[PDB]
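Enquirer:
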Amino acid sequence: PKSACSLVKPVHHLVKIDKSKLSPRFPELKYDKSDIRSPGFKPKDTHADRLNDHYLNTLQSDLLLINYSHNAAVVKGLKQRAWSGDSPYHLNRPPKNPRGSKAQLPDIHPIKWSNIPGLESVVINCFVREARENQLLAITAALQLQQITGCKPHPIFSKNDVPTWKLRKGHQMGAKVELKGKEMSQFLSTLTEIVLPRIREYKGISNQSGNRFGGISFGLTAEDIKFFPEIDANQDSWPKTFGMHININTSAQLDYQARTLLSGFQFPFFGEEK
Amino acid sequence: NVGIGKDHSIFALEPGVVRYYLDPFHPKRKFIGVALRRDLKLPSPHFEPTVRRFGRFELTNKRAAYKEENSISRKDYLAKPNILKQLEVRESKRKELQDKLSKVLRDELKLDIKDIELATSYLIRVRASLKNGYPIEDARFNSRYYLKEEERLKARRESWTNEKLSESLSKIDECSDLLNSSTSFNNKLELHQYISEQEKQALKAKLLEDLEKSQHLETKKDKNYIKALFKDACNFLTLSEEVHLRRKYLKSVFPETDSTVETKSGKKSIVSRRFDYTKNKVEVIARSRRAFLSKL
Amino acid sequence: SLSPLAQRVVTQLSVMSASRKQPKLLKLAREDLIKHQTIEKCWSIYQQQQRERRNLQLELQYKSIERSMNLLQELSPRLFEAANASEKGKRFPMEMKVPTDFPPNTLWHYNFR
Amino acid sequence: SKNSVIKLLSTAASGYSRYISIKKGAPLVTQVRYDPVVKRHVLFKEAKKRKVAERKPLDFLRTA
Amino acid sequence: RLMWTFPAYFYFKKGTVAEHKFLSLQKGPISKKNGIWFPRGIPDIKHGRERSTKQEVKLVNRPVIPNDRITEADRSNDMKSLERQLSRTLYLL
Amino acid sequence: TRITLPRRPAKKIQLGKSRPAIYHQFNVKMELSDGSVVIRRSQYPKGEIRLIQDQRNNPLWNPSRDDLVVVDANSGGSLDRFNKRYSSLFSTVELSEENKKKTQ
Amino acid sequence: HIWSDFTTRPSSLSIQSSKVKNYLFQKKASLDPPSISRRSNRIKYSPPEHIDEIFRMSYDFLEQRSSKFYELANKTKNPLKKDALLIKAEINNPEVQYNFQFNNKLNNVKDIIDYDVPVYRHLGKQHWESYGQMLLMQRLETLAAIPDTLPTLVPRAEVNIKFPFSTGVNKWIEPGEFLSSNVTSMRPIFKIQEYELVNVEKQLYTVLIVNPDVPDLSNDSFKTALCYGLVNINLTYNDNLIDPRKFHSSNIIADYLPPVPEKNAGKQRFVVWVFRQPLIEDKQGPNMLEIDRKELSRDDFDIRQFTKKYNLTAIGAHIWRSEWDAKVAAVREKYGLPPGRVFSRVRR
RNA sequence: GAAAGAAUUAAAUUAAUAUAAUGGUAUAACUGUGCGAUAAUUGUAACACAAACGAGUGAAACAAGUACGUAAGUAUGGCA
RNA sequence: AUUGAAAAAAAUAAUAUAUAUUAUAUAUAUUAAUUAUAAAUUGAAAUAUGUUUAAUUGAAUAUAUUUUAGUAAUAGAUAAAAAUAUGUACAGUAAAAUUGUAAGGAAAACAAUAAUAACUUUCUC
Ligand SMILES: [Mg+2]
Ligand SMILES: [Mg+2]
Ligand SMILES: [Mg+2]
Ligand SMILES: [Mg+2]
Ligand SMILES: [Mg+2]
């Protein structure tokens with residue numbers, strides 16, 4: 019290479035251009051994934067979803083009535099603070115970091131018809147620490163996530179290095195699966211219907227849990243996963259079972275909106291809120 | 076008009092005046108360039124023609140010009156003979172086609188065309204045009220205009236009088252007119268007597284009727300009759316129709332009916348087992364001699 | 034040759050895998066391709082229409098809420114403060130449950146507590 | 006002593022060779038380059054014999 | 058049509074009576090065989106399933141009998157009852 | 020000293036051939052504690068399941084239910100053996127005989 | 020059934036082949052597909068299950084929606100709104116899709132793809148916007164054809180060129196392609212396909228071909244020479260192949276001169292430019308304009324001033340390139356031009 | 001009023017760059033991917049930076065062949 | 001082409017054949033395959049030839065032949081953990097910190113954390 023200097027030449031037209039469509043290679047990526055002609059095609063609306071229907075029928079209008087605050091206003095989040103102009107050194111100064119945090123926080127809008135707290139995704143995190151020695155056990159995690167969730171599990175490999183823990187970087191230990199749409203709805207339903215009402219000392223999901231801006235997480239122990247229908251049927255072929263982490267992502271702006279929302283899908287809460 | 080090297084050294088590509096400037100397209104980026112002239116402001120207006128420099132000069136000396144014209148890339152020098160041989164091969168093919176067209180025009184037909192060479196050249200161009208994707212109306216004009224060209228141009232370069240151009244253009248007009256109304260090509264780029272479109276439709280229907288009623292092909296004489304019907308079919312059928320009709324009627328293996336399939340006699344071709352998915356069992360279909368077009 | 038655990042895990046990995054476990058690609062005739070396209074186009078429109086109908090209903094519902102709030106505030110502020118109180122810890126009664134495909138043996142209960 | 010010097014001889018019977026460096030036991034080097042006396046790109050193979058480090062082949066076809 | 062092959066070799070262990078009961082419960086596919094013509098095409102079977110079409114897998137322990145979705149209140153047209161319309165929303169007018 | 024199965028040459032899923040994963044599943048009916056049945060899309064090959072204990076018979080999920088039958092796993096213990104082996108000594123009237131030790 | 024009737028709708032909104040229509044509208048799975056010809060392949064093919072019942076209802080769903088749109092289209096008066104409503108009413112007809120996607124869009128036949136119908140005009144526009152327009156503008160951009168000749172281009176009509184007379188072989192010229200002196204030695208033709216609603220009984224077009232690469236040894240730079248010029252050309256949505264049939268010697272403001280590059284003079288870009296004449300209202304018939312042949316340099320030609328003087332709006336363009344070969348000398352003598360100059364191989 | 005798309009703006013070079021420090025890099029020079037293994041080739045190299053000489057650095061251009069890219073073009077090893 | 005149903009065609013592209021031009025174009029025919037590649041006394045399935053039961057034909061039944069089983073991860077132009085560090089073409093944006101999550105804590109893995117003015121399309125009042 020004669021030089022390393024990136025400089026894109028400006029154009030003389032407004033027409034948006036995309037070299038993918040006019041390159042003869044890969045004639046099958048040109049078709050959309052949803053298109054029937056694509057080899058990546060997969061039907062989406064195979065059957066109706068009961069949980070989604072419930073939310074759209076009953077919980078939709080109810081939540082709008084619950085969260086409504088009369089003549090509420092947008093609460094701006096902690097953004098970067100500009101430099102007051104009183105010295106000749108502020109002309110190119112980067113702005114200050116937010117007041118109490120090093121990361122900007124989002125705004126909170128009043129709840130209206132367009133924005134009503136609703137589900138969007140569910141992520142299952144499974145980190146088998148014991149895989150440090152026996153890698154073969156990590157495969158059992160992917161099968162467990164596959165059988166239960168019903169979707170392809172994306173594997174989890176190490177990223178850090180803690181010698182005190184015999185942890186080595188660059189080894190497979192677990193699997194994760196992103197769930198959306200009807201399949202997520204089935205998982206959430208079968209979790210509250212079957213698995214949850216089978217723990218002896220179960221009290222519910224802690225009110226302290228949850229990211230500040232939407233998102234609620236809890237965890238299932240090793241023995242709780244035996245309660246799933248697809249392991250209970252073949253206990254012989256499941257000698258070893260182990261826990262996982264659950265994270266429910268929702269359109270709730272704040273946590274307390276999400277907790278009210280998830281309660282409509284038969285989720286209990288026990289602790290005291292912040 | 077400036078470059079950059081491995082060491083990020085900036086160097087000029089053309090003679091000019093070096094100016095340091097800032098391009099509004101790239102804020103927070105200083106620039107260096109080379110304006111082609113002193114009075115030129117380097118951040119040239121975006122929507123104005125770029126200021127280029129030809130630089131290279133013309134070779135006035137006769138010997139220098141001769142050397143340069145006769146100087147070609149090794150690719151061209153090595154490909155010089157092969158391309159010429161192919162040109163000679165195709166020229167011979169054109170010559171043979173011209174000879175064949177003239178023979179059929181005078182012998183197979185009895186048209187007295189005054190200009191043999193002009194008539195043949197028009198037709199060979201029409202045939203080549205028709206071979207390529209071209210409707211009949213376009214093909215005839217394309218050849219017609221071509222000939223009428225190289226005649227207005229010839230008049231200009233040879234300083235011909237207007238009358239000479241007019242008579243030559245008129246002469247081309249009539250010969251093409253006569254050729255169009257008296258000659259045509261039949262589904263294979265072969266010259267033959269003109270056939271009207273309406274007549275073509277009438278003949279096509281007659282053939283379709285004459286071919287439908289005789290589709291049993293029981294006896295070799297019928298086979299000959301069907302094949303005989305497919306002799307002048309090219310005159311009034313396009314290639315797509317011609318191939319389709321043959322596939323429908325000239326079937327290599329005829330449908331298996333009671334007469335065609337039988338086991339009482341021996342040497343019924345061969346067993347020819349297939350599979351049926353209704354009964355999920357292998358079947359034996361011994362075909363008879365009068366079930367194959369090749370043998371019958 | 035290979036340990037029994039590896040054999041078992043290979044089988045579990047086999048159930049994960051897609052090797053020699055998928056059919057031939059779905060090939061449709063040109064006319065059935067147009068058939069499929071019109072089916073999807075209707076379904077897309079139908080889903081959009083249902084979604085817009087729900088949104089319009091929620092538009093009106095919110096309109097109704099605010100007009101109710103405005104009137105309650107001007108007439109009797111004593112009740113308005115109670116109405117405008119937050120519902121941070123509100124929870125749906127757990128007796129309400131997502132609909133099931135088929136009804137239970139006992140459709141309803143006439144006793145509580 | 007880690008590196009080594011090898012003489013790559015043109016596959017064409019040209020007599021033109023180019024030298025490159027290589028590790029002590031890296032796989033046999035075969036590269037295509039311009040050979041001036043033939044005026045075309047030709048393969049260049051090793052001249053002498055080198056002790057290549059043994060490597061296990063890949064099992065593209067399922068085995069056992 | 059795009060459905061994957063059922064991995065019966067995992068759920069049903071070799072030699073299990075349930076495994077052999079399932080094998081009989083199923084119907085095998087047609088296999089390619091030299092010297093025999095096939096109108097619909099040479100069979101393409103892998104893991105014991107034709108790859109050119111879908112696959113059918115035939116499957136107190138009293139049978140699950142779902143309850144009827146139409147109740148007595150529906151046929152009797154009783155208006156006071158809370159079961160007249162199970163799948164709808166009732167409002168007290 | 021780690022147990023890792025060696026990795027074979029990964030096959031090349033070149034661009035455009037990335038088919039989705041459609042795992043074999045069965046329309047399986049889930050029988051709850053009551054007559055309620057929900058259809059679940061499952062991989063295991065058998066169409067009906069009964070749930071001995073589920074949200075229906077859990078007090079936490081039905082706070083308002085006055086009558087709530089309770090059933091647990093049947094592997095061995097009270098419901099299994101203590102009852103048939105002791106089928107004469109009967110009662122919670124009897125539980126009042128051992129009610130308190132009356133000790134400070 | 021608005022789509023079934025043909026009292027006022029054009030016949031082009033239908034499947035000309037009866038067998039195809041019968042299968043597409045079949046009531047039971049009893050007809051084999053027409054597209055697959057071999058009976059053996061016909062047997063092997065298996066349609067997806069439960070595809071006919073859902074299609075029939077999907078057809079009805081669209082049919083009612085189309086009827087509503089047509090009723091709305093009846094009551095309006097704005098031609099632009101009228102065209103939009105029509106496109107919106109019939110864009111979902113399976114027949115319209117089958118007619119368009121499956122038959123030639125360049126050499127469209129009036130029976131299947133009629134470009135007078137708004138729906139086929141709209142679909143053709145979208146198709147050309149997907150590939151053709153995207154490729155054209157990249158060629159004009161990366162070849163620096165735009166800024167050298169005109170400030171910019173906003174395409175509105177597909178432009179295609181050909182040289183049918185030079186050699187007799189049919190091939191539509193890809194933009195930016197390399198053409199020999201023999202191939203471009205006689206004449207180009209054009210297919211100015213319009214897609215925007217325009218009054219085709221009044222609107223007129225001009226076609227100019229420019230070569231902004233001719234050496235100018237006086238200023239050590241380049242100068243633009245006019246190659247071919249036509250003015251006052253009528254067009255029609257379905258018959259828009261500009262050729263000697265459709266124009267007379269009055270339209271030719273500059274007779275075509277072949278690309279005749281000089282040796283070592285570098286590549287030369289011939290940019291085809293298609294504009295549209297001004298449309299003056301309050302007058303019956305087209306607004307013929309008399310071009311001023313007086314100046315018309317044609318050797319040092321300034322397109323920008325030419326467009327500004329006559330108030331022309333560019334709608335499409337095309338480009339091809341030419342270098343020196345052995346045939347240039349033959350072309351020069353054929354056209355009676357002075358022998359070309361020979362330049363050096365190096366720049367100094 | 002709503003859904004999707006194209007995206008825009010602000011912040012960011014503190015992460016990353018085979019290797020010290022410095023300069024540069026989001027238009028990425030950083031990362032992922034397809035082809036590839038080609039330019040990690042071949043004869044003339046003007047002109048500049050640097051410079052006592054010996055040496056050193058950038059490189060336009062002419063000619064032969066190769067890889068990638070639809071094309072424009074890029075590649076005479078590695079951001080320096 | 002034969003094989004259960006009762007004259008055709010008018011797109012891009014692929015394949016087969018043919019030929020026009022110092023133009024990698026046109027004419028006709030049809031829409032293959034798209035996750036594979038040796039090696040199995042043993043598992044499964046299949047067709048054919050007989051028998052016994054239960055015309056045909058269901059089941060079992062012995063043999064011959066063949067097919068499945070070698071069960072192995074990427075299913076995404078993949079995008080900050082590991083391996084290909086020089087070429088080309090396309091595409092993307094890191095990192096810290098904070099809030100949570102069974103073992104899990106200061107330190108393992110996952111998820112969330114700046115604003116939509118204007119533009120295009122679709123649906124809708
Ligand atoms: Mg580096
Ligand atoms: Mg640095
Ligand atoms: Mg100096
Ligand atoms: Mg010196
Ligand atoms: Mg690099």
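Residue numbers (PDB author numbering), protein chains in the order written: chain EE, 19 to 292; chain RR, 76 to 371; chain 22, 34 to 146; chain XX, 6 to 69; chain 66, 58 to 116, 136 to 169; chain VV, 20 to 110, 122 to 134; chain 11, 20 to 367. Even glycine gets a Cβ: it sits at the ideal position worked out from N, Cα and C.
1. The alpha helix (DSSP H) that contains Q190 (chain EE), what's its start and end?
2. Quick check: what's the CA-CA separation for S84 (chain RR) versus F325 (chain 11)?
3. Helix, strand or coil: how does DSSP classify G282 (chain EE) here?
4. Give the residues of chain VV in contact with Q55 (chain 22), contact being defined as C-beta atoms less than 7 Å apart.
5. Which two residues bound the contiguous alpha helix (DSSP H) that contains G143 (chain 11)?
6. State the Cα-Cα distance for the pair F350 (chain RR) and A361 (chain RR), rounded to the nearest angstrom.
7. Can you give me the Cβ contacts of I191 (chain RR) inside the same chain, cut-off strictly under 7 Å, excluding the 5 residues immediately before and after it?
8. For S87 (chain EE) and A100 (chain EE), what's the separation of their Cα atoms in angstroms?
9. Closer than 8 Å between beta carbons: that is the criterion. Which residues of the stretch 140-162 of chain EE meet it against chain VV?
10. Roughly how far, in whole angstroms, is the beta-carbon of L197 (chain EE) from the beta-carbon of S139 (chain EE), given that I think they are within contact range, below 8 Å?
11. Report back the beta-carbon spacing between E51 (chain XX) and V34 (chain XX) to the nearest angstrom; my notes put them in contact at under 8 Å.
12. CB-CB under 6 Å to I21 (chain 11), same chain, minus the five flanking residues each way: which ones, in chain order?
13. Following the continuous alpha helix (DSSP H) through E358 (chain RR), name the residue where it begins and the one where it ends.
14. Could you tell me if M202 (chain EE) is buried or exposed, where buried requires 16 or more neighbouring beta carbons within 10 angstroms of its beta carbon?
15. Let's test the definition: count the other Cβ atoms within 10 Å of the Cβ of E160 (chain 11) and tell me whether it reaches 16, buried, or not, exposed.
16. Can you give me the start and stop residues for the alpha helix (DSSP H) that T158 (chain EE) sits inside?
17. Can you check DSSP and say which residues form a bridge with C144 (chain EE)?
18. Which runs of the alpha helix (DSSP H) at least 4 residues long sit entirely within the stretch 63-138 of chain 11? Give them in chain order.
19. Measure how close the beta-carbons of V115 (chain 11) and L43 (chain 11) come, nearest whole angstrom, since I'm counting them as under 8 Å.
20. Is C309 (chain RR) closer than 8 Å to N261 (chain RR) when the C-beta atoms are compared?
21. Nearest CA to the CA of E128 (chain 22): which residue from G282 (chain EE), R218 (chain EE), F288 (chain EE) and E241 (chain EE)?
22. Using alpha carbons as the reference points, say which of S6 (chain XX), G20 (chain XX) and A69 (chain XX) lies closest to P41 (chain XX).
23. Could you tell me the alpha carbon to alpha carbon distance between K342 (chain RR) and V359 (chain RR), rounded to whole angstroms?
24. With 16 other CB atoms within 10 Å as the buried threshold, where does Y141 (chain RR) fall?
25. Helix or strand or just coil, what does DSSP make of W131 (chain EE)?
26. Across which residues does DSSP place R295 (chain 11) in a beta bridge pair?
27. Go through the stretch 190-230 of chain RR residue by residue and report every complete run of the alpha helix (DSSP H) that reaches 4 residues or more, in order.
28. Quick check: the Cα distance between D63 (chain EE) and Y256 (chain 11), rounded to an integer number of angstroms?
29. Taking the beta carbon of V131 (chain 22) as the centre, do at least 16 other beta carbons fall within 10 Å, making it buried, or is it exposed?
Expert: If we stick to the structure as given:
1. Run containing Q190 (chain EE): none in the alpha helix (DSSP H); it sits in the beta strand (DSSP E), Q190 to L197.
2. The straight-line gap from Cα to Cα measures roughly 44 Å.
3. DSSP places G282 (chain EE) in helix when its eight states are reduced to three.
4. Using a Cβ-Cβ cut-off of 7 Å, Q55 (chain 22) is close to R38 of chain VV, given in chain order.
5. Here the alpha helix (DSSP H) through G143 (chain 11) covers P137 to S149.
6. Between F350 (chain RR) and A361 (chain RR), the C-alpha separation is close to 14 Å.
7. In chain order, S177 place their CB closer than 7 Å to the CB of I191 (chain RR), counting only its own chain and leaving out the 5 sequence neighbours on each side.
8. When rounded, the distance between both Cα atoms is 31 Å.
9. Within the stretch 140-162 of chain EE, the qualifying residues are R150, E151, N152, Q153 and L154.
10. Contact annotation, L197 (chain EE) with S139 (chain EE): C-beta distance approximately 7 Å; criterion of less than 8 Å satisfied.
11. Between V34 (chain XX) and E51 (chain XX) the Cβ distance is about 7 Å, and since that is below 8 Å, they are a contact.
12. The beta carbon of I21 (chain 11) sits closer than 6 Å to the beta carbons of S85, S86 and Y89 from its chain, once the five residues preceding and following it are set aside; these are given in chain order.
13. Careful: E358 (chain RR) lies outside any alpha helix (DSSP H), inside the beta strand (DSSP E) at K356 to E358.
14. The C-beta of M202 (chain EE) has 16 or more other C-beta atoms within 10 Å across all chains shown, which makes the residue buried.
15. With a 10 Å radius around the Cβ and a threshold of 16 neighbouring Cβ atoms, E160 (chain 11) comes out buried.
16. Where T158 (chain EE) is concerned, the enclosing alpha helix (DSSP H) stretches over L154 to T167.
17. Here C144 (chain EE) is bridged, per DSSP, to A193 (chain EE).
18. You should have 71-94, 98-109 and 113-120.
19. For a cut-off of 8 Å, the C-beta gap from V115 (chain 11) to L43 (chain 11) is around 12 Å, too long to register as a contact.
20. Yes, the Cβ-Cβ distance between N261 (chain RR) and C309 (chain RR) is below 8 Å.
21. Looking at the Cα atoms, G282 (chain EE) is the closest of the given residues.
22. It is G20 (chain XX) whose Cα lies nearest to the Cα of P41 (chain XX).
23. C-alpha separation (whole angstroms): 14 Å.
24. Exposed, by the Cβ-count rule.
25. Three-state DSSP puts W131 (chain EE) in coil, outside helix and strand.
26. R295 (chain 11) is bridged to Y224 (chain 11) and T332 (chain 11).
27. Runs found: 191-206 and 211-223.
28. Looking at the two C-alpha atoms, the distance is approximately 42 Å.
29. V131 (chain 22) should be labelled buried.
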